[PDB]
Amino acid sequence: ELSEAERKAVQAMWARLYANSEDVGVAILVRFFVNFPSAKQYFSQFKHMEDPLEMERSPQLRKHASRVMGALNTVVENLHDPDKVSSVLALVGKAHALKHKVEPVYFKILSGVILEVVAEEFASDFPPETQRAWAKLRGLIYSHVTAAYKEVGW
């Protein structure tokens, strides 16, 4: 789990992100789909879309952006309550394993894009203590999502 200082570091960072949650979520996903075109295969309204301006304006992209940011928000705000973070990430993990059939490695890829976007957009607020805290959060997400895939015999 995150230590108290790490949790505080992650929540303070996340608050800055979430002040324009909508735009940050979308910028993250556009970068994800441009840089990893294979990930678009799970999205019916944009699986063959290439123009990043259209991706930015895509209703189904912006919707998934809103749901990624909201589920992340739930995890970050409730990091002091580890049963809640377990709860949320299971539900996500399973859902993506079973309904959406997404290869679990795409979570690792998306997290790397999330890191790249955070490092760019909020660099002057991203000291090493915070970078390390954020990296623990990423590990936490990937291990919990990865355990949920194993749980239903992926």
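Numbering starts at 1 and runs along the sequence shown. The term rigid core refers to the most C-alpha atoms you can superpose between the two forms while keeping them within 1.5 Å.
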{"property": "Which of 122 to 130 and 55 to 63 strays further in 4 other deposited structures of this protein - Cα RMS after rigid core alignment", "result": "122 to 130"}
{"property": "Between the two ranges 44 to 52 and 101 to 109, the one averaging a larger CA B factor in the entry", "result": "44 to 52"}
{"property": "Mean Cα B-factor comparison, 16 to 24 or 137 to 145, giving the higher one as deposited", "result": "16 to 24"}
{"property": "Top Cα B factor in the deposited entry, candidates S66, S58, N35, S124", "result": "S124"}
{"property": "Chain thirds of CA B-factor: placement of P128", "result": "highest"}
{"property": "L79 - Cα temperature factor, lowest/middle/highest third of chain", "result": "highest"}
{"property": "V85 by Cα B-factor - lowest, middle or highest third of the modelled chain", "result": "highest"}
